[PDB]
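You are given structure tokens for the same protein chain in two forms, set apart as structure 1 and structure 2.
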Structure 1
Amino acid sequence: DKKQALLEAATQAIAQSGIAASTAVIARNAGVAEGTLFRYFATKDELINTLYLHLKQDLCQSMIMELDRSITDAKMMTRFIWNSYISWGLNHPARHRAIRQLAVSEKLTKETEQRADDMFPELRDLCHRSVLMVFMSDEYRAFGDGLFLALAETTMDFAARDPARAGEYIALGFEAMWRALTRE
């Protein structure tokens, strides 16, 4: 709860001012001393890693919940997941803002990254099925996510501004992202 509050405050602080966000700020917003933040989190790096798992869990519950398992077609499954992630982001703007910054960032542990993929096994298989091999590689895995997230976050800004054409933005965003990242 005091942990939960620090994770809420960390989502708000990071989305607004990115991962350079002050542990001191988070604590005051948390309604505690900085010393409490460090009791709960040994490092700012530990809190970033813990927060990313927190937000990715929150996002995958969304995605898991919406996944019609009758579907097998790779393109069809990914579109579904695209639609889940976008709608998750319209509904939680700060969560989307912090998670996109966290996902690309250098300070994620390998243990953090493994566990995230555990959270939705269906995506890891789909990416192994569909994505250009270069973006599955250790060297450019982060680059391909950063490209997915850029196109998703663009698709989101246009969607919010223009509820009227939101469906076209999502359709056009997804097909753009699919050509970008998958085998031709």
Structure 2
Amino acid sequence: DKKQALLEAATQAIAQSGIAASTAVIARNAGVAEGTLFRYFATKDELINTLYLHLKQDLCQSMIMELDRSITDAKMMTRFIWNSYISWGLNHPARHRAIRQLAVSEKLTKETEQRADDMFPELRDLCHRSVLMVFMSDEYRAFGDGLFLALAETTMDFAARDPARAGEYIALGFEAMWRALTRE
């Protein structure tokens, strides 16, 4: 209720100003007292981690609905996932913009990354597994996520500005992403 309202105004504020967004600004735009914000998130760090999970759950639920679990080929399954990402970001630009900033923030906790991997099993292995970014050492997975998000943002930009060619930008960006971030 007030929580959904607070997460929504945090989304918009971080989309616009980054992890720096002020809590009072966020509380104001949710129409709650800043102290009430603190009852929901005592710290900027907690807010970042909860918002990330909230956004990531939203995204993954959208993927679950678009997904044809019969698909066996990893490239084709990866294309469908890319297409659902791109379309989620085009429908919800601030959600994409916020999650992009959260995903690279260094404030995400290992618990949070555990709750990320955990609570969508459907996505673990109705997709066999991986191929994407398997080739990178652990220390660079944040970087490989940053590259994926850079390519997806650019794809969305072009597709929003030139909708008559949206599908073409989507397929070219996918290929770029696939070539960049997978291996033999």
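Counting starts at 1 and follows the sequence of structure 1. Shifts are known only where both forms have a C-alpha. Here, rigid core means the biggest group of C-alpha atoms that superpose within 1.5 Å across both forms.
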*Superposing on the core, which single option in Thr154, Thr43, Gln57, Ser137 has a CA shift of 2 Å or more between structure 1 and structure 2?*
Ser137
_Large Cα move at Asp125 between structure 1 and structure 2, threshold 2 Å, rigid core_ = yes
*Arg115 CA shift between structure 1 and structure 2 in angstrom, with the core used for superposition*: 1.5
*Taking the rigid core as the frame, how far in Å does the Cα of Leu6 move between structure 1 and structure 2?*
0.7
_Rigid-core superposition between structure 1 and structure 2, with residue runs of at least 3 whose C-alphas all shift by 2 Å or more_ = 118-138
